[PDB]
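The form deposited in one PDB entry is given below as one chain in structure tokens.
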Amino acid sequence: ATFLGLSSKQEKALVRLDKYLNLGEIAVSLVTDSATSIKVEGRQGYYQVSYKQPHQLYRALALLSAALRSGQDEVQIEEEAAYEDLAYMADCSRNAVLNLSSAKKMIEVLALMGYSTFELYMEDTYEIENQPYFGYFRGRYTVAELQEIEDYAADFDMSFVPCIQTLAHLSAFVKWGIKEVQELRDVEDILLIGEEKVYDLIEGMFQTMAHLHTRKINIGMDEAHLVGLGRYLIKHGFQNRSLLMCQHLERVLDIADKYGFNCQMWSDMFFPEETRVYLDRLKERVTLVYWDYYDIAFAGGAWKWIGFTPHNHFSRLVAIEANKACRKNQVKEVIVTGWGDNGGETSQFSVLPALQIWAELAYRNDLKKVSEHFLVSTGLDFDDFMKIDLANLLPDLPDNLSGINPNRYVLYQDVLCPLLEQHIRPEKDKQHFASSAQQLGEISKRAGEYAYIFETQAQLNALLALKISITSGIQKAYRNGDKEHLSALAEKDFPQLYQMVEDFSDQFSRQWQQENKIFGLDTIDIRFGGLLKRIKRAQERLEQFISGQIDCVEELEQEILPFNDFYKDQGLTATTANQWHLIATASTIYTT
């Protein structure tokens, strides 16, 4: 395709986007026009594209590309976006730090979908001068790295917003047993309000970020129960948390003003006479984000924080209702969040379908074109990609319940002491995982550049089917005194499970290294390594029982109880279990 009206910047962007767009030998002319967000009109090889914001050029061209692919000659497309800003925020704080190459790829995909803004969630994963422990061995971003990511987004006329923490959720930093860190602490993951060394740290934070072009930052500042209740209380006595939050936020905003920043934060804080007055003054100096995944921006969820497998389906359900509500309430700004809770085990690209869904709702208020446009963004079929969710999609789950994550807890639970066993239907769930493995093995064959993430999932599902088979088989066979069936498992199925887990670690490690810096993979080595050792223990214990070397396997004599009652009121068998250390063992492991 050839163009008239391009800037040199747009020329370079189109060189980068060429592999995605298949515009062919057509002629395109560009107009800037704020009558509508996007307009595409033309026929017989000559098209005019108009956009309101420059970044919207790239979605307009995706719509053109899709329309032509559909075999249209005549094109007449018009879109008025509901939101002035549409952002995607990746988590780089949960062990998985997006590598620069992956950040670039994501920026390109977001450009094509219509996002205006890229955000990174960094608790401690950016360098601060004079704070060598901050992000120590975490793969923290250098200033040069953050600049490179920012500048790459700016090349597509996209904005960049760092999402940091200025009070709480700094657990990876505050663990260091060095005075210059411990003196910054209130309690648990919370910094000490009123400590000048804490305000020194926070100025360091802004000094790092002042090296970027952006002057928009998310400072966190959500409310935590224990704020003011640790070393603060010892220092100062008890104080109204609202009052402390007010003290702290003013200090932070004064630092931010010094570096020219505009601050966004969670609304919580703003849900005694003189503190109410303080509150009303501060609210005017900040933008608020209202979160819900299940002068106000809305934060929606792209579900990739529940283990190894995302929930694009659930994301779609809530996106549809959230979009209605945001429109009703004239919301100007939406941030789609890609959290990574408790180890960052889910692919950074696992939620491309959810991302396209939100783009479509924002621009068209429907999903009528989601497949066609997703094909431009990814080169793949949307329904294929949506099957990435399968390890969570147990047959007959209610579709409106969140967090149900058997992908993770079936994997990590013990074999001899299976804490989640009563939440598993051993035939029904096993057959689902077995079938899912087959479906994903086929998709991976046609997934191209994304095949690697489908391979991980195919292997997980096959691993889960066999793990349930062996685990539930042992419980039955042991209860019924069937040493013959136990010997068979020990001889054939155990070595097969062990090998499958090893192969799964090798595949996951390929996925991780493709997407993330190497830092953080180590926690997963530990978890996989522990699982392997426990599988081996299970085999060994059974062998000793079969051979008569022990008279019973005490693990298998224990009554198993429900793991939690989170979905007891809804009557589910499956559940949500999303902390590895509570899934893997009933013993102490972190505690003293």
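By rigid core we mean the largest C-alpha set that fits within 1.5 Å across both forms. When you see a residue number, it is the position in the sequence shown, counting from 1.
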With the rigid core as the fit reference, the stretch showing the greater C-alpha departure in 4 other deposited structures of this protein, 68 to 76 or 426 to 434, is 68 to 76
Returned stretch for higher CA RMS in 4 other deposited structures of this protein, core superposition, given 304 to 312 and 281 to 289, is 281 to 289
Per the entry, how many deposited residues between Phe271 and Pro272 lack coordinates? The answer is 10 or more
In the entry, residues of the deposited sequence missing between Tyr294 and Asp295 amount to 10 or more
Averaging the C-alpha temperature factors as deposited, the higher value of 68 to 76 versus 147 to 155 falls on 68 to 76
For 390 to 398 versus 235 to 243, entry-based mean Cα B-factors point to 235 to 243
Based on the PDB entry, the highest CA temperature factor among the options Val331, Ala359, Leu419, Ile306 is that of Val331
Highest CA B factor of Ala538, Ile26, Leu556, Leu531, as deposited, is found at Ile26
Among the modelled residues of its chain, the C-alpha B-factor of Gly520 falls in the third labelled lowest
Tertile call for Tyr290 (CA temperature factor, within chain, third-based) is the highest
Of the three thirds of the chain ranked by Cα temperature factor, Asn480 occupies the highest
Temperature factor at the Cα of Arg364, chain-ranked in thirds, falls in the middle
Binned into thirds over the chain's modelled residues, the C-alpha B-factor of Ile550 lands in the highest
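Keep in mind the form solved in complex with a small molecule is missing from the figure; the text below concerns it.
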The one option of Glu449, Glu372, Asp341, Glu188 with any heavy atom within 4.5 Å of the small molecule in the entry with it bound is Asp341
The one residue among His313, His432, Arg140, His169 placing a heavy atom within 4.5 Å of the small molecule in the entry with it bound is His169
Worksheet item: Heavy atom to heavy atom, is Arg251 within 4.5 Å of the small molecule in the entry with it bound?
Response: no
Query - 4.5 Å heavy atom contact, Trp291 to the small molecule in the entry with it bound - result: yes
Does the 4.5 Å heavy atom contact test between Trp266 and the small molecule in the entry with it bound come out positive? yes
- Message: Within 4.5 Å, heavy atoms only: does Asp503 come near the small molecule in the entry with it bound?
- Response: no
Only one of 221 to 229, 98 to 106, 377 to 385, 155 to 163 has residues with a heavy atom within 4.5 Å of the small molecule in the entry with it bound, and that stretch is 221 to 229
